[PDB]
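To be precise, the following lines are entry31.tsv, and they hold TSV, N, CA, C and O atoms.
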```tsv
chain	number	residue	atom	x	y	z
P	146	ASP	N	21.01	12.52	-7.23
P	146	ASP	CA	21.63	13.86	-7.11
P	146	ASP	C	23.16	13.84	-6.95
P	146	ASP	O	23.75	14.83	-6.51
P	147	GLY	N	23.80	12.72	-7.31
P	147	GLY	CA	25.27	12.59	-7.24
P	147	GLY	C	25.95	12.84	-5.90
P	147	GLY	O	27.17	13.01	-5.86
P	148	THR	N	25.19	12.85	-4.80
P	148	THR	CA	25.73	13.09	-3.46
P	148	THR	C	26.26	11.80	-2.82
P	148	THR	O	27.27	11.83	-2.12
P	149	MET	N	25.58	10.68	-3.08
P	149	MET	CA	25.88	9.38	-2.50
P	149	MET	C	26.36	8.41	-3.58
P	149	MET	O	25.70	8.25	-4.60
P	150	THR	N	27.50	7.76	-3.33
P	150	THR	CA	28.03	6.74	-4.25
P	150	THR	C	27.28	5.40	-4.10
P	150	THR	O	26.38	5.27	-3.26
P	151	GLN	N	27.66	4.42	-4.91
P	151	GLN	CA	27.23	3.02	-4.75
P	151	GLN	C	27.44	2.54	-3.31
P	151	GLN	O	26.56	1.87	-2.74
P	152	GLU	N	28.58	2.89	-2.72
P	152	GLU	CA	28.94	2.46	-1.36
P	152	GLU	C	28.10	3.15	-0.28
P	152	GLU	O	27.66	2.51	0.67
P	153	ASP	N	27.89	4.46	-0.43
P	153	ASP	CA	27.00	5.21	0.47
P	153	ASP	C	25.56	4.68	0.46
P	153	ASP	O	24.93	4.60	1.52
P	154	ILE	N	25.06	4.32	-0.72
P	154	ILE	CA	23.69	3.80	-0.85
P	154	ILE	C	23.58	2.44	-0.15
P	154	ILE	O	22.62	2.22	0.60
P	155	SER	N	24.55	1.56	-0.40
P	155	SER	CA	24.59	0.23	0.22
P	155	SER	C	24.61	0.29	1.75
P	155	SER	O	23.94	-0.50	2.41
P	156	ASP	N	25.37	1.23	2.31
P	156	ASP	CA	25.42	1.41	3.76
P	156	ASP	C	24.08	1.88	4.31
P	156	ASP	O	23.60	1.33	5.30
P	157	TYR	N	23.50	2.90	3.69
P	157	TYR	CA	22.20	3.39	4.13
P	157	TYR	C	21.15	2.28	4.16
P	157	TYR	O	20.39	2.19	5.11
P	158	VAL	N	21.13	1.43	3.13
P	158	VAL	CA	20.18	0.32	3.07
P	158	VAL	C	20.48	-0.68	4.19
P	158	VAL	O	19.58	-1.09	4.93
P	159	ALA	N	21.75	-1.05	4.33
P	159	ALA	CA	22.18	-1.99	5.36
P	159	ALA	C	21.89	-1.52	6.79
P	159	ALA	O	21.50	-2.32	7.64
P	160	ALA	N	22.07	-0.23	7.03
P	160	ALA	CA	22.00	0.33	8.38
P	160	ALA	C	20.67	0.98	8.73
P	160	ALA	O	20.47	1.35	9.89
P	161	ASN	N	19.77	1.15	7.76
P	161	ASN	CA	18.46	1.79	8.00
P	161	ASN	C	17.23	1.08	7.43
P	161	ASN	O	16.11	1.36	7.87
P	162	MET	N	17.43	0.19	6.46
P	162	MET	CA	16.32	-0.46	5.76
P	162	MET	C	16.26	-1.97	5.97
P	162	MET	O	15.19	-2.51	6.24
P	163	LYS	N	17.42	-2.64	5.87
P	163	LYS	CA	17.47	-4.11	5.83
P	163	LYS	C	16.81	-4.81	7.02
P	163	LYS	O	15.99	-5.71	6.84
P	164	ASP	N	17.18	-4.39	8.24
P	164	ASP	CA	16.70	-5.04	9.46
P	164	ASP	C	15.18	-4.96	9.59
P	164	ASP	O	14.53	-5.98	9.85
P	165	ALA	N	14.61	-3.78	9.41
P	165	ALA	CA	13.15	-3.61	9.48
P	165	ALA	C	12.42	-4.40	8.39
P	165	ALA	O	11.36	-4.97	8.65
P	166	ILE	N	12.99	-4.44	7.18
P	166	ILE	CA	12.46	-5.27	6.09
P	166	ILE	C	12.55	-6.76	6.46
P	166	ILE	O	11.60	-7.51	6.21
P	167	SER	N	13.67	-7.17	7.05
P	167	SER	CA	13.87	-8.57	7.43
P	167	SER	C	12.96	-9.07	8.57
P	167	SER	O	12.82	-10.28	8.74
P	168	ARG	N	12.38	-8.16	9.35
P	168	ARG	CA	11.37	-8.49	10.37
P	168	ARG	C	9.91	-8.22	9.92
P	168	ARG	O	8.99	-8.34	10.73
P	169	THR	N	9.71	-7.88	8.64
P	169	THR	CA	8.37	-7.55	8.12
P	169	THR	C	7.54	-8.82	7.92
P	169	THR	O	8.09	-9.91	7.73
P	170	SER	N	6.22	-8.67	8.01
P	170	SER	CA	5.25	-9.77	7.84
P	170	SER	C	5.46	-10.60	6.56
P	170	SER	O	5.45	-10.06	5.45
P	171	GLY	N	5.67	-11.90	6.72
P	171	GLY	CA	5.85	-12.82	5.59
P	171	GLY	C	7.19	-12.79	4.87
P	171	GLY	O	7.36	-13.50	3.87
P	172	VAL	N	8.14	-12.00	5.36
P	172	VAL	CA	9.47	-11.92	4.74
P	172	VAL	C	10.36	-13.02	5.33
P	172	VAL	O	10.54	-13.08	6.54
P	173	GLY	N	10.91	-13.87	4.46
P	173	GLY	CA	11.90	-14.87	4.85
P	173	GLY	C	13.28	-14.24	4.89
P	173	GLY	O	13.49	-13.25	5.59
P	174	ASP	N	14.21	-14.79	4.13
P	174	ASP	CA	15.59	-14.28	4.05
P	174	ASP	C	15.64	-12.96	3.26
P	174	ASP	O	14.76	-12.69	2.44
P	175	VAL	N	16.66	-12.14	3.54
P	175	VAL	CA	16.87	-10.86	2.85
P	175	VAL	C	18.35	-10.68	2.49
P	175	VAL	O	19.21	-10.61	3.38
P	176	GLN	N	18.63	-10.58	1.19
P	176	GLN	CA	19.99	-10.50	0.65
P	176	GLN	C	20.31	-9.06	0.29
P	176	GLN	O	19.58	-8.45	-0.50
P	177	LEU	N	21.38	-8.51	0.86
P	177	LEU	CA	21.83	-7.15	0.52
P	177	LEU	C	22.75	-7.22	-0.69
P	177	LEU	O	23.73	-7.97	-0.69
P	178	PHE	N	22.43	-6.44	-1.72
P	178	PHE	CA	23.26	-6.36	-2.92
P	178	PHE	C	24.23	-5.20	-2.74
P	178	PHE	O	24.03	-4.09	-3.25
P	179	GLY	N	25.29	-5.50	-1.99
P	179	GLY	CA	26.23	-4.50	-1.47
P	179	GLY	C	26.68	-4.91	-0.08
P	179	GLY	O	26.46	-6.04	0.35
P	180	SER	N	27.31	-3.97	0.63
P	180	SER	CA	27.83	-4.22	1.97
P	180	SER	C	27.63	-3.01	2.86
P	180	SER	O	27.64	-1.88	2.39
P	181	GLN	N	27.45	-3.26	4.15
P	181	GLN	CA	27.39	-2.20	5.15
P	181	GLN	C	28.80	-1.66	5.38
P	181	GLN	O	29.78	-2.39	5.20
P	182	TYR	N	28.90	-0.39	5.78
P	182	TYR	CA	30.20	0.18	6.12
P	182	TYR	C	30.77	-0.46	7.38
P	182	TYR	O	30.04	-0.92	8.27
P	183	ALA	N	32.09	-0.51	7.41
P	183	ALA	CA	32.87	-0.88	8.57
P	183	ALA	C	34.03	0.12	8.63
P	183	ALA	O	34.28	0.83	7.65
P	184	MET	N	34.72	0.17	9.76
P	184	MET	CA	35.91	1.00	9.87
P	184	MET	C	37.04	0.19	9.26
P	184	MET	O	37.43	-0.84	9.79
P	185	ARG	N	37.54	0.66	8.12
P	185	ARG	CA	38.63	-0.02	7.42
P	185	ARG	C	39.97	0.61	7.77
P	185	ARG	O	40.20	1.79	7.50
P	186	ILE	N	40.84	-0.19	8.38
P	186	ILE	CA	42.23	0.17	8.60
P	186	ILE	C	43.00	-0.47	7.45
P	186	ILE	O	43.21	-1.68	7.44
P	187	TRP	N	43.39	0.35	6.47
P	187	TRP	CA	44.14	-0.13	5.31
P	187	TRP	C	45.64	0.00	5.60
P	187	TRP	O	46.22	1.06	5.43
P	188	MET	N	46.25	-1.11	6.02
P	188	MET	CA	47.64	-1.13	6.49
P	188	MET	C	48.64	-1.00	5.34
P	188	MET	O	48.41	-1.53	4.25
P	189	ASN	N	49.75	-0.32	5.62
P	189	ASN	CA	50.86	-0.15	4.69
P	189	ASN	C	52.07	-0.85	5.30
P	189	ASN	O	52.54	-0.43	6.34
P	190	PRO	N	52.59	-1.92	4.65
P	190	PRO	CA	53.73	-2.66	5.21
P	190	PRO	C	55.08	-1.94	5.22
P	190	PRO	O	55.94	-2.31	6.02
P	191	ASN	N	55.27	-0.94	4.35
P	191	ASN	CA	56.51	-0.14	4.34
P	191	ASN	C	56.57	0.72	5.60
P	191	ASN	O	57.58	0.73	6.31
P	192	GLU	N	55.48	1.45	5.86
P	192	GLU	CA	55.35	2.28	7.07
P	192	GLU	C	55.32	1.42	8.35
P	192	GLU	O	55.82	1.84	9.39
P	193	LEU	N	54.73	0.23	8.25
P	193	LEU	CA	54.70	-0.73	9.36
P	193	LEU	C	56.11	-1.21	9.70
P	193	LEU	O	56.48	-1.27	10.87
F	818	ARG	N	14.70	1.11	23.05
F	818	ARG	CA	14.69	0.92	21.60
F	818	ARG	C	13.38	0.28	21.17
F	818	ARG	O	12.81	-0.53	21.90
F	819	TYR	N	12.91	0.65	19.98
F	819	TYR	CA	11.69	0.08	19.40
F	819	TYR	C	11.96	-0.33	17.96
F	819	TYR	O	12.50	0.45	17.18
F	820	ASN	N	11.60	-1.57	17.63
F	820	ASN	CA	11.89	-2.21	16.33
F	820	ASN	C	13.32	-1.95	15.83
F	820	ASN	O	13.53	-1.63	14.65
F	821	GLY	N	14.29	-2.09	16.73
F	821	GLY	CA	15.71	-1.96	16.39
F	821	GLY	C	16.30	-0.56	16.42
F	821	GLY	O	17.51	-0.41	16.32
F	822	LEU	N	15.45	0.47	16.57
F	822	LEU	CA	15.88	1.87	16.54
F	822	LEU	C	15.74	2.53	17.91
F	822	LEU	O	14.83	2.18	18.66
F	823	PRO	N	16.61	3.51	18.23
F	823	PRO	CA	16.45	4.24	19.50
F	823	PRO	C	15.08	4.88	19.62
F	823	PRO	O	14.57	5.44	18.65
F	824	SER	N	14.48	4.78	20.80
F	824	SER	CA	13.12	5.25	21.01
F	824	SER	C	12.89	5.83	22.40
F	824	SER	O	13.75	5.73	23.28
F	825	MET	N	11.72	6.45	22.57
F	825	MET	CA	11.22	6.90	23.87
F	825	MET	C	9.71	6.69	23.93
F	825	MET	O	8.96	7.28	23.16
F	826	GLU	N	9.28	5.82	24.84
F	826	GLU	CA	7.87	5.50	25.00
F	826	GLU	C	7.17	6.66	25.72
F	826	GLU	O	7.72	7.20	26.68
F	827	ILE	N	5.99	7.02	25.24
F	827	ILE	CA	5.19	8.12	25.79
F	827	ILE	C	3.77	7.62	26.02
F	827	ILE	O	3.08	7.25	25.07
F	828	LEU	N	3.36	7.60	27.29
F	828	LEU	CA	2.01	7.16	27.67
F	828	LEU	C	1.11	8.38	27.90
F	828	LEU	O	1.58	9.45	28.26
F	829	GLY	N	-0.18	8.19	27.67
F	829	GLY	CA	-1.16	9.25	27.85
F	829	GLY	C	-2.57	8.72	27.68
F	829	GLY	O	-2.76	7.50	27.58
F	830	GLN	N	-3.55	9.61	27.65
F	830	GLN	CA	-4.95	9.22	27.49
F	830	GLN	C	-5.83	10.35	26.97
F	830	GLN	O	-5.43	11.53	26.99
F	831	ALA	N	-7.02	9.98	26.52
F	831	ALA	CA	-8.00	10.93	26.01
F	831	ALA	C	-8.66	11.68	27.16
F	831	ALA	O	-8.92	11.09	28.21
F	832	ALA	N	-8.94	12.96	26.94
F	832	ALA	CA	-9.65	13.80	27.92
F	832	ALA	C	-11.13	13.40	27.96
F	832	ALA	O	-11.61	12.77	27.02
F	833	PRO	N	-11.85	13.77	29.05
F	833	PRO	CA	-13.25	13.32	29.21
F	833	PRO	C	-14.14	13.64	28.01
F	833	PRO	O	-14.12	14.77	27.51
F	834	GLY	N	-14.91	12.65	27.56
F	834	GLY	CA	-15.78	12.80	26.39
F	834	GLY	C	-15.06	12.96	25.06
F	834	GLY	O	-15.57	13.63	24.16
F	835	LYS	N	-13.87	12.35	24.93
F	835	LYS	CA	-13.11	12.31	23.68
F	835	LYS	C	-12.72	10.86	23.40
F	835	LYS	O	-12.28	10.16	24.31
F	836	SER	N	-12.87	10.42	22.15
F	836	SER	CA	-12.49	9.06	21.76
F	836	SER	C	-10.97	8.92	21.69
F	836	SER	O	-10.26	9.91	21.49
F	837	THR	N	-10.49	7.69	21.87
F	837	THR	CA	-9.06	7.40	21.82
F	837	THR	C	-8.48	7.70	20.43
F	837	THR	O	-7.42	8.31	20.32
F	838	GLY	N	-9.20	7.30	19.38
F	838	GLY	CA	-8.82	7.60	17.99
F	838	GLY	C	-8.68	9.09	17.69
F	838	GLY	O	-7.81	9.48	16.92
F	839	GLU	N	-9.53	9.90	18.32
F	839	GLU	CA	-9.46	11.36	18.21
F	839	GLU	C	-8.23	11.92	18.95
F	839	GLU	O	-7.56	12.82	18.45
F	840	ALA	N	-7.96	11.38	20.13
F	840	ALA	CA	-6.77	11.75	20.91
F	840	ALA	C	-5.47	11.39	20.18
F	840	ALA	O	-4.51	12.15	20.22
F	841	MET	N	-5.46	10.23	19.52
F	841	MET	CA	-4.30	9.78	18.75
F	841	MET	C	-4.02	10.68	17.53
F	841	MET	O	-2.85	10.95	17.22
F	842	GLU	N	-5.07	11.13	16.84
F	842	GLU	CA	-4.94	12.05	15.69
F	842	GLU	C	-4.11	13.30	15.99
F	842	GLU	O	-3.33	13.74	15.15
F	843	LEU	N	-4.31	13.85	17.19
F	843	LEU	CA	-3.58	15.04	17.63
F	843	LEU	C	-2.09	14.74	17.87
F	843	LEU	O	-1.24	15.53	17.46
F	844	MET	N	-1.80	13.62	18.52
F	844	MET	CA	-0.42	13.16	18.74
F	844	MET	C	0.33	12.97	17.42
F	844	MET	O	1.53	13.26	17.33
F	845	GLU	N	-0.37	12.48	16.39
F	845	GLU	CA	0.20	12.34	15.05
F	845	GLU	C	0.47	13.70	14.39
F	845	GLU	O	1.51	13.87	13.74
F	846	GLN	N	-0.45	14.64	14.57
F	846	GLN	CA	-0.28	16.03	14.08
F	846	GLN	C	0.89	16.74	14.75
F	846	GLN	O	1.69	17.41	14.09
F	847	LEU	N	0.99	16.61	16.07
F	847	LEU	CA	2.09	17.19	16.84
F	847	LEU	C	3.43	16.53	16.50
F	847	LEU	O	4.46	17.20	16.43
F	848	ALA	N	3.41	15.21	16.29
F	848	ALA	CA	4.61	14.45	15.91
F	848	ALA	C	5.16	14.82	14.53
F	848	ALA	O	6.37	14.72	14.29
F	849	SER	N	4.28	15.24	13.61
F	849	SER	CA	4.69	15.70	12.28
F	849	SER	C	5.48	17.02	12.30
F	849	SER	O	6.28	17.27	11.39
F	850	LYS	N	5.26	17.84	13.33
F	850	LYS	CA	5.96	19.13	13.49
F	850	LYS	C	7.32	19.04	14.23
F	850	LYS	O	7.95	20.07	14.45
F	851	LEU	N	7.76	17.83	14.58
F	851	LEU	CA	9.03	17.64	15.31
F	851	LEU	C	10.23	17.77	14.38
F	851	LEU	O	10.06	17.81	13.16
F	852	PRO	N	11.46	17.84	14.93
F	852	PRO	CA	12.65	17.97	14.08
F	852	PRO	C	12.89	16.86	13.05
F	852	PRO	O	12.23	15.82	13.07
F	853	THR	N	13.85	17.11	12.16
F	853	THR	CA	14.21	16.18	11.10
F	853	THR	C	14.83	14.92	11.70
F	853	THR	O	15.62	15.01	12.64
F	854	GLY	N	14.47	13.76	11.15
F	854	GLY	CA	14.96	12.47	11.61
F	854	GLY	C	14.22	11.87	12.79
F	854	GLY	O	14.72	10.93	13.41
F	855	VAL	N	13.04	12.40	13.11
F	855	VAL	CA	12.23	11.92	14.23
F	855	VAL	C	10.89	11.45	13.69
F	855	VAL	O	10.13	12.25	13.14
F	856	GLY	N	10.62	10.16	13.85
F	856	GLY	CA	9.35	9.56	13.45
F	856	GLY	C	8.62	9.07	14.67
F	856	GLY	O	8.99	9.38	15.81
F	857	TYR	N	7.57	8.28	14.44
F	857	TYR	CA	6.81	7.69	15.52
F	857	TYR	C	6.14	6.38	15.13
F	857	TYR	O	6.12	6.00	13.96
F	858	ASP	N	5.59	5.71	16.14
F	858	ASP	CA	4.78	4.51	15.93
F	858	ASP	C	3.84	4.31	17.12
F	858	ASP	O	3.98	4.98	18.14
F	859	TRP	N	2.88	3.41	16.96
F	859	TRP	CA	1.99	3.01	18.05
F	859	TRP	C	2.27	1.56	18.45
F	859	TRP	O	2.46	0.70	17.59
F	860	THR	N	2.29	1.30	19.76
F	860	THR	CA	2.56	-0.03	20.31
F	860	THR	C	1.49	-0.41	21.34
F	860	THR	O	0.63	0.40	21.66
F	861	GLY	N	1.56	-1.64	21.82
F	861	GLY	CA	0.67	-2.13	22.88
F	861	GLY	C	-0.81	-2.03	22.56
F	861	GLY	O	-1.26	-2.54	21.54
F	862	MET	N	-1.56	-1.39	23.46
F	862	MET	CA	-3.00	-1.16	23.29
F	862	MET	C	-3.36	-0.34	22.04
F	862	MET	O	-4.39	-0.58	21.41
F	863	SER	N	-2.50	0.63	21.70
F	863	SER	CA	-2.71	1.49	20.54
F	863	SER	C	-2.50	0.78	19.20
F	863	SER	O	-3.12	1.14	18.20
F	864	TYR	N	-1.61	-0.22	19.18
F	864	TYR	CA	-1.37	-1.05	18.00
F	864	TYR	C	-2.61	-1.87	17.63
F	864	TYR	O	-3.07	-1.81	16.48
F	865	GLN	N	-3.13	-2.61	18.60
F	865	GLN	CA	-4.29	-3.50	18.39
F	865	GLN	C	-5.65	-2.79	18.25
F	865	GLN	O	-6.63	-3.42	17.85
```
Would you put the structure from the file into structure tokens?
Amino acid sequence: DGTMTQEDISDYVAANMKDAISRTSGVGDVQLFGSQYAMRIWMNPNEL
Amino acid sequence: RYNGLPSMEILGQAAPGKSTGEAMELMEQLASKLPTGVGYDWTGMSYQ
């Protein structure tokens, strides 16, 4: 429905799906194809 | 917390002459009518 980007989808999976899947019966390692959100401080050296 | 998510444990029991499985069915029906973003699970004695 065009509401969530590639990045929004990756965060939702990382923060709501991955952990429970990684503790599921018979599941070994679990690789996220994407990244969870973090607070990004994008610094500007001119203003700095 | 339960399975990595914020939770609240709720204990109870079946009324006289009612099976535990019958008592649990009602808790599931009542739990379905709760607000958005609220799920449930069974643990301990109810799990096994």
Per-residue DSSP, chain P, filtered to alpha helix (DSSP H), as a PyMOL selection string: chain P and resi 151-161+163-167
So how many Å separate atom CA of residue P:151 and atom C of residue F:854, to one decimal?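 Answer for the atom CA of residue P:151 to atom C of residue F:854 separation: 23.6 Å.
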Residue contacts of residue P:182 (8 Å, all atoms listed in the file) excluding same-chain residues fewer than 3 positions away, as a list in words: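 Contacts, with the query itself left out: residues 152, 153, 155, 156, 157, 159, 160, 179 and 185 of chain P.
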Go ahead and compute the interatomic distance for atom N of residue P:164 and atom CA of residue F:859, in Å to one decimal. 19.5 Å
Which value, in Å to one decimal, gives the distance between atom CA of residue P:172 and atom CA of residue P:150?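 Answer for the atom CA of residue P:172 to atom CA of residue P:150 separation: 27.8 Å.
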Interface, chain P side, toward chain F (10 Å; only C-alpha atoms) as number ranges by chain: P: 161, 164-165, 168
Kindly list the centre and edge lengths in Å, rounded to one decimal, for the axis-aligned box that covers all listed atoms of stretch 172-180 of chain P plus 3 Å on each of its six sides, as lines of an AutoDock Vina configuration file.
```
center_x = 18.0
center_y = -8.4
center_z = 1.6
size_x = 25.7
size_y = 19.0
size_z = 15.8
```
List as a PyMOL selection string the protein and nucleic acid residues near residue F:827, meaning an atom at most 12 Å away when only C-alpha atoms are counted, but skip any in the same chain fewer than 2 places from it. chain F and resi 824-825+829-830+841+844+848+857-861+863
